[PDB]
Amino acid sequence: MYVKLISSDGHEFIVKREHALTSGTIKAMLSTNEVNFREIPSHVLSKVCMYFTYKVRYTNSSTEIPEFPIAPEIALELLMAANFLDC
Amino acid sequence: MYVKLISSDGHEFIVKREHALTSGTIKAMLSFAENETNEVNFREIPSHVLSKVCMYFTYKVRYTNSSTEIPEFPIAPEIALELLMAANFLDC
Amino acid sequence: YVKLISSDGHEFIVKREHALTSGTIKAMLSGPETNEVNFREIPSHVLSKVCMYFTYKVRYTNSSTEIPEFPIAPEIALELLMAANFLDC
Amino acid sequence: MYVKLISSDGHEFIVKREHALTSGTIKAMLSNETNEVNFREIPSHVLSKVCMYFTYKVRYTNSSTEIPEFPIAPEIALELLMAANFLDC
Amino acid sequence: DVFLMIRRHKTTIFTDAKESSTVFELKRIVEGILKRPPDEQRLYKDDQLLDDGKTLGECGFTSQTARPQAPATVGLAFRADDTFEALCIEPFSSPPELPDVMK
Amino acid sequence: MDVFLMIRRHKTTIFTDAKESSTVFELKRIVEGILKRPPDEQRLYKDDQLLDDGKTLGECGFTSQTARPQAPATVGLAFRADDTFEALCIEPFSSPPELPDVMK
Amino acid sequence: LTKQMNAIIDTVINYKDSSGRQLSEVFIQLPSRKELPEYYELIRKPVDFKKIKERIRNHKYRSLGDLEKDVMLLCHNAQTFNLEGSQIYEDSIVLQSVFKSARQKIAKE
Amino acid sequence: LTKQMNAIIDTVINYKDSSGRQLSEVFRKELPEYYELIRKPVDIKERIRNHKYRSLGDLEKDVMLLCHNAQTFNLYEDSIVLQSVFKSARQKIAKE
Amino acid sequence: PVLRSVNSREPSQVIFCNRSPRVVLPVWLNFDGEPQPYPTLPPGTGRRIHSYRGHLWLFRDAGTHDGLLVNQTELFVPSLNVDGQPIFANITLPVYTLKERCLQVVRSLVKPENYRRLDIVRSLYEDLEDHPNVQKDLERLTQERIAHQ
Amino acid sequence: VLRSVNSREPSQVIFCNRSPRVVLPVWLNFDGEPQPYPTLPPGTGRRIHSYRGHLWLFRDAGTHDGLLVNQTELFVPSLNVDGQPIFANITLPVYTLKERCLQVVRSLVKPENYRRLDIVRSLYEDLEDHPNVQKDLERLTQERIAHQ
Amino acid sequence: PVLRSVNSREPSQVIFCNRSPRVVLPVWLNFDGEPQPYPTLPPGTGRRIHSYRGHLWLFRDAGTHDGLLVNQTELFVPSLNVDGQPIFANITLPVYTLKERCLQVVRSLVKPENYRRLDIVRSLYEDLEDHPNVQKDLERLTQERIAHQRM
Amino acid sequence: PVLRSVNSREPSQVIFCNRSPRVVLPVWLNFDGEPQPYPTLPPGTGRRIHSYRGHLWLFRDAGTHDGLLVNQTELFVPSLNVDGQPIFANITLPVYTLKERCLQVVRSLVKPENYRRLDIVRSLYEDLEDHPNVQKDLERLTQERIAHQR
Ligand SMILES: Cc1ncsc1-c1ccc([C@H](C)NC(=O)[C@@H]2C[C@@H](O)CN2C(=O)[C@@H](c2cc(O[C@@H](C)CN3CC[C@@H](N4CCN5c6cc(-c7ccccc7O)nnc6NC[C@H]5C4)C3)no2)C(C)C)cc1
Ligand SMILES: Cc1ncsc1-c1ccc([C@H](C)NC(=O)[C@@H]2C[C@@H](O)CN2C(=O)[C@@H](c2cc(O[C@@H](C)CN3CC[C@@H](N4CCN5c6cc(-c7ccccc7O)nnc6NC[C@H]5C4)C3)no2)C(C)C)cc1
Ligand SMILES: Cc1ncsc1-c1ccc([C@H](C)NC(=O)[C@@H]2C[C@@H](O)CN2C(=O)[C@@H](c2cc(O[C@@H](C)CN3CC[C@@H](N4CCN5c6cc(-c7ccccc7O)nnc6NC[C@H]5C4)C3)no2)C(C)C)cc1
């Protein structure tokens with residue numbers, strides 16, 4: 001199906017279930033289509049999803065993989081979010 | 001060491017000797033058998049063609065035996081036929 | 001690996017090849033293979049250093065760059081010379 | 001045989017004439033010939049190190065033995081580069 | 001990694017040079033070929049004069065716009081006494097109108 | 001580079017090499033190979049400080065210039081008894097005789 | 001005796017490890033000095049596994065302790081020259097262990 | 001003709017450049033890449049004794065083939081000089 | 001039988017990587033050595049394909065039947081897999097002769113019935129009409145292998 | 001266990017760097033010690049002379065980050081068939097979002113300043129644990145003793 | 001190609017000894033005289049390498065591409081081996097000019113995109129941006145060989 | 001005289017580089033193969049010296065007469081210089097046997113008249129007394145060189 005991730009500022013992110021499960025911590029929480037992150041802002045949780053999109057698509061792709069970009073401005077908060085999520 | 005190719009309309013093209021030799025016809029014309037000739041004159045090849053013939057020499061020399069990936073040598077429709085003519089004459 | 005045991009009864013576990021640098025150990029092991037050899041007249045502070053030589057010899061033999069001096073303190077020199085003589089090296 | 005280089009802050013550096021001449025700019029300023037030269041825009045912590053280079057260059061040029069790295073601390077690097085270029089060292 | 005056509009009047013020189021190499025080094029290459037010393041040559045990228053001290057890179061020439069098949073054009077002017085020769089690159093012969101067969 | 005070690009517990013002394021870049025964990029695995037006790041039953045100390053399984057020998061302090069083949073650096077070993085680990089105990093090597101007057 | 005020397009020496013050569021690969025394949029014939037000069041400078045007594053059967057065909061070996069003395073010499077010559085933990089090093093460690101079990105089966109059974 | 005053919009082939013071999021070095025000195029297990037890229041391999045006197053070359057233009061055709069098969073394989077100048085020293089050596093012996 | 005697959009019975013995992021700008025037609029030579037067309041690779045794509053060792057492959061522009069290269073050569077024969085590692089077939093443009101390249105472009109712009117309208121030599125017209133062809137090229141490749149033998 | 005094998009049989013190979021990074025080819029020697037080799041700039045390819053059974057490994061020369069060759073971690077050239085060269089296609093792996101973030105932070109912040117970031121203590125340790133050929137070789141061995 | 005290896009087929013055993021504080025990139029000039037990078041030597045190591053008689057080598061700081069010396073000169077060409085004895089290539093720092101040395105340090109501390117931000121003269125900025133380079137140095141070495149072979 | 005310099009008359013510039021802890025005594029073999037002592041190299045020093053092609057050299061601890069190594073070998077013979085580039089003689093400690101190394105240390109600490117006071121075997125006492133020696137070592141090197149290989 002799909003799953004709803006909700007940021008601190010209260011943005012809703014609807015992403016495929018399998019995309020989300022790339023996160024061990026989400027996998028744990030869904031084990032229910034909703035999860036709320038009180039400490040993750042949208043500009044971060046938005047990019048966390050973009051990674052799910054990336055990981056799902058390019059895992060087991062033979063020819064070439066493109067670098068998953070992270071801007072300096074977001075790097076630290078993403079690293080925090082990343083570690084919390086286990087993605 | 002370089003070589004001078006001169007078009008019908010009288011443009012001069014100075015290109016490396018080795019680049020030019022990619023053409024059998026040119027190799028023949030260059031190789032009195034005591035010493036080397038710098039100029040060769042093409043009565044029936046215009047500049048907009050002979051210019052592109054050189055660009056091929058540049059391309060061929062550079063990308064021959066290059067390992068990962070070679071790009072397609074582009075030819076615009078406007079030049080295609082005259083280049084094909086020139087190409088066949090040159091043996092490049 | 002091989003086990004060398006000093007008079008006082010310390011155990012030294014060193015690579016077999018490292019130990020074989022000693023012709024006398026080669027003899028004791030190669031002639032009945034066992035893992036242990038016992039030195040009733042070699043104390044630990046000596047047999048410890050004898051191993052350190054094996055480490056050194058094995059490492060720096062056939063070395064292109066430069067080799068450093070194998071140090072021996074006066075206090076140990078005589079007993080080591082004895083041990084060294086008794087062992088091929 | 002000796003020559004006096006004087007920094008902006010007014011430190012005096014007495015160095016062998018030949019050591020100083022390693023600098024084209026100084027060679028020019030000296031080439032009778034004077035004993036002092038004054039650098040109004042070079043501070044001591046820099047001109048001190050410029051001399052240390054003369055010492056180094058003179059000593060280790062033409063040495064069969066391995067040459068050691070001429071160290072430069074970050075804090076000094078830029079001003080030294082400036083001074084270096086002016087001097088032609 | 002940069003491919004160039006250096007053109008003055010009816011002469012065109014096809015040559016490579018590094019992005020990191022300098023406008024001066026290019027003048028020296030021309031000196032080597034046409035036997036004309038570096039200081040009387042003036043090199044243009046389009047209509048802007050290039051400083052001897054700048055790298056081809058900083059002038060605007062890049063690997064992605066100076067490919068061997070589509071060389072970037074450096075304009076050339078010589079010096080007669082005090083005056084500067086005008087940037088004059090007499091164009092190549094023109095291709096015939098696109099044949100009706102290809103439309 | 002290469003680091004030369006004496007891993008010592010009680011009267012046992014293991015002579016082995018590793019890389020500066022290799023880890024405290026793989027060193028526990030070498031010990032496992034010899035003394036037949038897994039890395040989760042072993043504690044490795046440099047002097048009196050405990051070494052984390054994840055740190056490189058380099059980061060622990062074993063440099064090429066303190067772990068030379070002829071001056072091996074000493075790593076202390078402790079084994080687990082049930083709920084507790086034994087004290088780090090390295091019985092000292094035999095003392096050398098007082099320096100003979102001939103060598104003075 | 002020559003038959004036992006042929007058995008002991010042929011068992012060590014024919015011996016394959018537990019992946020099916022024959023170990024003696026490198027130890028069959030030594031390299032030419034032209035090929036590998038460093039080995040000859042390092043090694044006092046270059047001997048291979050043919051040089052040993054040649055001796056055995058000539059019956060140059062007197063006892064089974066003289067055949068062993070020169071199988072240990074090449075297997076130890078290999079160890080000296082090669083890097084510790086190399087493919088060739090640990091097989092001369094196995095070829096000494098397969099010769100010491102092959103002589104112990106033929107000479108006393 | 002055999003005396004003339006030997007004078008030309010021996011002059012090209014014996015020919016040293018202006019540093020004293022002999023150029024001809026260079027001339028499948030070892031280098032399989034020549035034995036994949038060059039069509040008609042050769043290492044020349046053999047065919048002067050067997051009389052396979054009928055004229056001084058047939059001896060030249062295979063010295064140009066050997067010098068050109070060298071230029072092809074390697075991205076060289078001595079095979080450019082050995083063609084220039086063969087074309088001056090044949091021009092002195094065959095007409096003087 | 002000269003240029004043919006071999007009945008190895010041993011499977012080889014392969015990665016066809018199309019780094020040409022063209023749609024690529026993989027062509028497997030069967031045991032008799034007859035070209036067998038396989039599904040096309042779009043430009044800039046890569047696929048893992050089950051194959052067997054000793055099998056002989058060959059790649060071409062699915063449209064024009066123009067010659068391509070695999071690992072800087074004309075034929076690809078997969079090695080036996082080492083430790084499960086998939087062998088890699090890197091498919092690229094060759095450096096076409098200026099002539100052959102021009103033919104390609106003219107052929108792509110002018111309908112074959114109009115080749116007759118081009119003010120060119122008859123020999124060039126014949127060359128244009130001659131379209132590249134797997135079989136012609138296979139015949140050439142054999143004579144190039146009997147010339148090495 | 002993980003080492004080159006002295007072979008005497010040449011195997012020509014093509015190292016193709018299809019990563020955005022400068023690639024450090026790492027040849028395991030016969031004793032199995034990593035040996036750094038000349039770097040490949042991004043988007044380049046070279047023909048290199050190697051031997052059959054020789055084991056290679058690739059990494060970001062700058063960061064020592066892990067790369068992949070033919071969708072796996074180790075490359076061992078097979079015997080050449082008919083002289084044609086074997087191809088080593090070097091690419092980014094799909095890094096975990098965490099490991100990827102670490103990469104970026106590590107690249108922006110001096111190691112002595114990792115302590116100034118308002119992050120969890122565990123993350124400080126993770127930041128400090130820079131990737132490493134030897135650590136990864138140890139892991140790859142246990143992954144091959146686990147397949148046995 | 002004035003500076004190039006000579007195909008010889010006579011092997012010459014050599015010992016590359018890195019006596020610089022830097023990681024050393026050995027660079028073999030091929031027969032056409034094109035630089036060919038080889039495996040790096042860590043500081044303070046020595047390795048026996050197989051090269052041939054007449055083969056021409058060159059050494060550099062693998063990182064910075066800074067110029068090094070071998071037997072107190074710039075090029076190394078192995079002598080014919082006598083009696084199996086290996087030849088020795090002793091690789092060391094040269095005495096860099098104070099300027100060039102300063103550039104090295106600044107270059108090592110500042111990211112190349114920031115050279116632009118340094119409050120120094122443009123000429124110094126150009127010098128900073130002019131990274132050292134094997135090819136530039138090879139061109140110079142050729143003119144230095146045609147200058148002692150002119151006279 | 002198997003082991004001897006050869007009268008070349010072609011000069012060979014050489015660099016003696018002492019990378020041993022020991023003061024080094026360079027020893028030039030004469031054409032009659034006779035050792036000829038030369039000026040000592042201090043530890044960690046390097047000097048350019050004028051020698052000739054084919055001339056055979058040998059190095060030793062100037063004090064103890066202990067054996068050293070040059071370019072991983074016992075003998076150094078300069079090749080003919082290429083392009084004036086100087087040849088390099090890298091002088092280093094060898095891997096001494098633990099015994100020989102111990103002897104070295106004991107010999108350095110105990111006066112020779114006191115070797116008699118050490119509670120050691122008589123054979124060891126003789127070994128202590130038997131100082132290392134260039135000539136003994138030259139004789140050994142000849143028999144090992146008269147064997148075409150080693
Ligand atoms: C530009 C660029 N960019 C990105 S990367 C790169 C690049 C990459 C590479 C290079 C350079 C040019 N290439 C390399 O570095 C390559 C790469 C990697 O593949 C290893 N390698 C090497 O060069 C090693 C190497 C070479 C070698 O060649 C053997 C076949 C030669 N050996 C003697 C002949 C046989 N030996 C014969 C005796 N045999 C033994 C026998 C015995 C023995 C037998 C019987 C009885 C008693 C005995 O003792 N004992 N020992 C023996 N040892 C040898 C064995 C086999 C093989 N092998 O490895 C080099 C570097 C180490 C440049 C740029
Ligand atoms: C570990 C480590 N760490 C830090 S560095 C390092 C390291 C060290 C060493 C290596 C490896 C093991 N060693 C090397 O890489 C060394 C180093 C450097 O010195 C070059 N080299 C090489 O291996 C080159 C090499 C090998 C070679 O051996 C000749 C037999 C090869 N031949 C001549 C060049 C061809 N020519 C053959 C005639 N051929 C022609 C022949 C004729 C002809 C002849 C006779 C009669 C008629 C004829 O027509 N005509 N024309 C010819 N033209 C072409 C020419 C080509 C083969 N020489 O060089 C390799 C790299 C090329 C690794 C790491
Ligand atoms: C500072 C520092 N620190 C650490 S070390 C050091 C240092 C190092 C060196 C030096 C100094 C500057 N350098 C040296 O000392 C160098 C070094 C070492 O390489 C030898 N050598 C010398 O100087 C000897 C030397 C030899 C020689 O070569 C002849 C051309 C010189 N002479 C002309 C002619 C010849 N004779 C040759 C037989 N010849 C005869 C031959 C025969 C004969 C031969 C074969 C068969 C049958 C025969 O009958 N018969 N008769 C002969 N009579 C004539 C004789 C002539 C000698 N040049 O120099 C010196 C010491 C001998 C300084 C510091």
# chains A, B, ... in the order shown; residues from 1 in each chain; ligands from 1

call {"tool": "residues_near_ligand", "arguments": {"ligand": "ligand 2", "cutoff": "6 Å", "atoms": "only C-alpha atoms and all ligand atoms", "output": "PyMOL selection string"}}
result
(chain H and resi 26-27+31+42-43+66+70+74) or (chain K and resi 7+9+38-40+49-52+55)

call {"tool": "write_last_selection", "arguments": {"atoms": "N, CA and C atoms", "output": "compact mmCIF listing (two decimals), in the first residue's frame"}}
result
# COMPACT_ATOMS: atom_id res chain seq x y z
N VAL H 26 67.11 -3.11 -32.88
CA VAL H 26 65.80 -3.67 -32.39
C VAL H 26 65.44 -4.84 -33.32
N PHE H 27 65.81 -4.75 -34.59
CA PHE H 27 65.32 -5.67 -35.67
C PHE H 27 66.42 -6.71 -35.89
N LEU H 31 55.31 -11.14 -27.27
CA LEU H 31 54.40 -9.98 -27.50
C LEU H 31 53.30 -10.34 -28.48
N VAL H 42 57.73 -9.76 -40.37
CA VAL H 42 59.12 -10.07 -40.81
C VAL H 42 60.05 -9.52 -39.72
N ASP H 43 61.27 -10.08 -39.68
CA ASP H 43 62.33 -9.73 -38.70
C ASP H 43 63.58 -9.23 -39.45
N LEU H 66 57.99 -3.47 -43.50
CA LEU H 66 58.57 -3.70 -42.15
C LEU H 66 58.66 -2.38 -41.35
N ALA H 70 55.85 -1.07 -38.25
CA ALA H 70 56.48 -0.70 -36.96
C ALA H 70 55.71 0.56 -36.56
N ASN H 74 53.26 0.90 -32.98
CA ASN H 74 53.68 1.79 -31.87
C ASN H 74 53.22 3.22 -32.16
N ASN K 7 63.86 0.29 -25.54
CA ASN K 7 63.52 -1.16 -25.46
C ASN K 7 64.84 -1.92 -25.49
N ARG K 9 65.39 -5.42 -23.56
CA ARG K 9 65.15 -6.88 -23.34
C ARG K 9 66.21 -7.46 -22.38
N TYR K 38 53.13 4.60 -11.71
CA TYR K 38 53.34 3.27 -11.09
C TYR K 38 52.96 3.32 -9.62
N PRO K 39 52.84 2.15 -8.95
CA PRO K 39 52.43 2.07 -7.55
C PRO K 39 53.29 2.95 -6.63
N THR K 40 52.67 3.60 -5.64
CA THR K 40 53.34 4.58 -4.75
C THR K 40 54.19 3.87 -3.69
N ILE K 49 62.35 -3.67 -7.56
CA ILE K 49 61.40 -3.55 -8.69
C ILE K 49 62.12 -4.08 -9.92
N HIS K 50 61.41 -4.66 -10.88
CA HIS K 50 61.98 -5.16 -12.13
C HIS K 50 61.78 -4.09 -13.21
N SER K 51 62.87 -3.59 -13.74
CA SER K 51 62.93 -2.61 -14.83
C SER K 51 63.97 -3.14 -15.84
N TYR K 52 64.19 -2.45 -16.93
CA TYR K 52 65.16 -2.95 -17.93
C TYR K 52 66.26 -1.90 -18.09
N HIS K 55 65.92 2.01 -19.39
CA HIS K 55 64.58 2.53 -19.05
C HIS K 55 64.75 3.79 -18.20

call {"tool": "interface_residues", "arguments": {"of": "chain H", "to": "chain I", "cutoff": "10 Å", "atoms": "only C-alpha atoms", "output": "list in words"}}
result
residues 35, 36, 39 and 40 of chain H

call {"tool": "residues_around", "arguments": {"residues": "residue 60 of chain L", "least_positions_apart": "5", "cutoff": "7 Å", "atoms": "only C-alpha atoms", "output": "PDB file with N, CA, C and O atoms, in the first residue's frame"}}
result
ATOM      1  N   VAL L  24      81.711   3.768   9.435  1.00  0.00           N
ATOM      2  CA  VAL L  24      81.912   2.778   8.336  1.00  0.00           C
ATOM      3  C   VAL L  24      83.334   2.948   7.817  1.00  0.00           C
ATOM      4  O   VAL L  24      83.718   4.081   7.532  1.00  0.00           O
ATOM      5  N   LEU L  25      84.055   1.846   7.675  1.00  0.00           N
ATOM      6  CA  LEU L  25      85.380   1.806   6.999  1.00  0.00           C
ATOM      7  C   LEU L  25      85.179   1.271   5.584  1.00  0.00           C
ATOM      8  O   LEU L  25      84.959   0.085   5.395  1.00  0.00           O
ATOM      9  N   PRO L  26      85.208   2.139   4.556  1.00  0.00           N
ATOM     10  CA  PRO L  26      85.211   1.678   3.181  1.00  0.00           C
ATOM     11  C   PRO L  26      86.559   1.006   2.914  1.00  0.00           C
ATOM     12  O   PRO L  26      87.560   1.541   3.317  1.00  0.00           O
ATOM     13  N   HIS L  65      85.359  -4.020  13.249  1.00  0.00           N
ATOM     14  CA  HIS L  65      85.625  -4.762  11.986  1.00  0.00           C
ATOM     15  C   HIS L  65      84.476  -5.720  11.655  1.00  0.00           C
ATOM     16  O   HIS L  65      84.654  -6.603  10.791  1.00  0.00           O
ATOM     17  N   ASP L  66      83.314  -5.504  12.276  1.00  0.00           N
ATOM     18  CA  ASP L  66      82.040  -6.226  11.977  1.00  0.00           C
ATOM     19  C   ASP L  66      81.675  -6.017  10.493  1.00  0.00           C
ATOM     20  O   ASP L  66      81.973  -4.948   9.930  1.00  0.00           O
ATOM     21  N   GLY L  67      81.039  -7.012   9.880  1.00  0.00           N
ATOM     22  CA  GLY L  67      80.594  -6.978   8.469  1.00  0.00           C
ATOM     23  C   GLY L  67      79.370  -6.094   8.263  1.00  0.00           C
ATOM     24  O   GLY L  67      78.404  -6.201   9.053  1.00  0.00           O
ATOM     25  N   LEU L  68      79.392  -5.248   7.234  1.00  0.00           N
ATOM     26  CA  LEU L  68      78.194  -4.455   6.827  1.00  0.00           C
ATOM     27  C   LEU L  68      77.755  -4.896   5.427  1.00  0.00           C
ATOM     28  O   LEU L  68      78.404  -5.776   4.815  1.00  0.00           O
TER      29      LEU L  68
END

call {"tool": "closest_residue", "arguments": {"among": "G:40, G:61, G:81, G:99", "to": "chain C", "atoms": "only C-alpha atoms"}}
result
G:81

call {"tool": "residues_near_ligand", "arguments": {"ligand": "ligand 3", "cutoff": "8 Å", "atoms": "only C-alpha atoms and all ligand atoms", "output": "list in words"}}
result
residues 7, 8, 9, 10, 16, 25, 26, 28, 30, 31, 38, 39, 40, 41, 47, 48, 49, 50, 51, 52, 53, 55, 56 and 57 of chain L

call {"tool": "write_last_selection", "arguments": {"atoms": "C-alpha atoms", "output": "tab-separated table (two decimals), in the first residue's frame"}}
result
chain	number	residue	atom	x	y	z
L	7	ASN	CA	92.05	-1.66	-14.23
L	8	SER	CA	89.38	0.24	-16.22
L	9	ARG	CA	90.75	3.84	-16.76
L	10	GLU	CA	87.03	4.87	-17.02
L	16	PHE	CA	78.86	6.27	-0.26
L	25	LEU	CA	85.38	1.81	7.00
L	26	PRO	CA	85.21	1.68	3.18
L	28	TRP	CA	88.82	-0.88	-1.71
L	30	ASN	CA	93.38	-3.49	-5.11
L	31	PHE	CA	93.99	-5.18	-8.54
L	38	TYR	CA	89.98	4.33	3.11
L	39	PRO	CA	88.74	7.31	5.21
L	40	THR	CA	85.77	6.50	7.54
L	41	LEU	CA	82.16	7.61	6.88
L	47	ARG	CA	79.86	11.57	0.28
L	48	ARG	CA	80.55	11.66	-3.46
L	49	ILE	CA	83.81	9.71	-4.07
L	50	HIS	CA	85.86	9.24	-7.28
L	51	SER	CA	86.28	5.52	-8.14
L	52	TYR	CA	86.63	3.67	-11.48
L	53	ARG	CA	84.34	1.21	-13.31
L	55	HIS	CA	86.62	-1.40	-8.99
L	56	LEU	CA	85.43	-3.68	-6.17
L	57	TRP	CA	84.58	-2.19	-2.70

call {"tool": "residues_around", "arguments": {"residues": "residue 46 of chain A", "least_positions_apart": "6", "cutoff": "10 Å", "atoms": "only C-alpha atoms", "output": "number ranges by chain"}}
result
A: 5-7, 11-13, 40

call {"tool": "residues_around", "arguments": {"residues": "residue 8 of chain B", "least_positions_apart": "3", "cutoff": "8 Å", "atoms": "only C-alpha atoms", "output": "number ranges by chain"}}
result
B: 11, 41-47

call {"tool": "select_by_dssp", "arguments": {"residues": "segment 7-86 of chain J", "states": "strand (DSSP E)", "output": "mmCIF file with C-alpha atoms, in the first residue's frame"}}
result
data_model
loop_
_atom_site.group_PDB
_atom_site.id
_atom_site.type_symbol
_atom_site.label_atom_id
_atom_site.label_comp_id
_atom_site.auth_asym_id
_atom_site.auth_seq_id
_atom_site.Cartn_x
_atom_site.Cartn_y
_atom_site.Cartn_z
ATOM 1 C CA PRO J 10 48.955 -12.316 -18.032
ATOM 2 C CA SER J 11 45.350 -10.982 -17.977
ATOM 3 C CA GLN J 12 44.865 -7.565 -19.673
ATOM 4 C CA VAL J 13 42.038 -5.664 -17.874
ATOM 5 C CA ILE J 14 40.160 -2.340 -18.469
ATOM 6 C CA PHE J 15 39.626 -0.262 -15.288
ATOM 7 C CA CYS J 16 36.585 1.931 -16.124
ATOM 8 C CA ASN J 17 35.763 4.570 -13.467
ATOM 9 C CA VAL J 23 39.218 5.993 -7.777
ATOM 10 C CA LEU J 24 42.150 4.312 -5.969
ATOM 11 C CA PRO J 25 42.747 0.829 -7.410
ATOM 12 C CA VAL J 26 44.054 -1.424 -4.563
ATOM 13 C CA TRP J 27 45.898 -4.642 -5.565
ATOM 14 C CA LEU J 28 46.056 -7.365 -2.874
ATOM 15 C CA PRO J 34 46.656 -3.908 0.213
ATOM 16 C CA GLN J 35 48.915 -2.041 -2.307
ATOM 17 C CA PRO J 36 47.722 1.419 -3.471
ATOM 18 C CA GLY J 45 39.225 4.157 -18.394
ATOM 19 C CA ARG J 46 42.671 2.569 -18.786
ATOM 20 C CA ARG J 47 43.920 -0.781 -20.082
ATOM 21 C CA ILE J 48 46.199 -2.209 -17.342
ATOM 22 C CA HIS J 49 48.478 -5.294 -17.439
ATOM 23 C CA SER J 50 47.513 -7.663 -14.588
ATOM 24 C CA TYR J 51 47.700 -11.477 -14.123
ATOM 25 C CA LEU J 55 42.666 -9.924 -6.583
ATOM 26 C CA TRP J 56 41.812 -6.155 -6.844
ATOM 27 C CA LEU J 57 39.641 -3.704 -4.839
ATOM 28 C CA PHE J 58 38.581 -0.056 -5.573
ATOM 29 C CA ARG J 59 38.009 3.030 -3.329
ATOM 30 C CA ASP J 60 37.520 6.834 -3.289
ATOM 31 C CA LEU J 68 31.992 -1.599 -6.310
ATOM 32 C CA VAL J 69 33.412 -3.368 -9.411
ATOM 33 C CA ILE J 86 38.248 -8.341 -19.329
#

call {"tool": "residues_near_ligand", "arguments": {"ligand": "ligand 1", "cutoff": "6 Å", "atoms": "only C-alpha atoms and all ligand atoms", "output": "number ranges by chain"}}
result
G: 26-31, 36, 48, 74, 77-78; J: 6-8, 25, 37-39, 48-51, 54; K: 37-38

call {"tool": "interface_residues", "arguments": {"of": "chain C", "to": "chain G", "cutoff": "10 Å", "atoms": "only C-alpha atoms", "output": "ChimeraX atom specification"}}
result
/C:17,30,33,58,61-62

call {"tool": "interface_residues", "arguments": {"of": "chain L", "to": "chain C", "cutoff": "8 Å", "atoms": "only C-alpha atoms", "output": "list in words"}}
result
residues 19, 20, 21, 71, 72, 92, 93, 94, 95, 97, 98, 99, 101, 102, 103, 105, 106, 109, 118, 120 and 124 of chain L

call {"tool": "residues_around", "arguments": {"residues": "segment 25-27 of chain I", "least_positions_apart": "4", "cutoff": "9 Å", "atoms": "only C-alpha atoms", "output": "list in words"}}
result
residues 16, 35, 36, 37, 38, 39, 40, 41, 56, 57, 58, 59, 60, 61, 62, 63, 65 and 134 of chain I

call {"tool": "atom_distance", "arguments": {"atom1": "atom CA of residue 30 of chain A", "atom2": "atom CA of residue 2 of chain A"}}
result
12.0 Å

call {"tool": "atom_distance", "arguments": {"atom1": "atom CA of residue 137 of chain K", "atom2": "atom CA of residue 37 of chain E"}}
result
22.1 Å
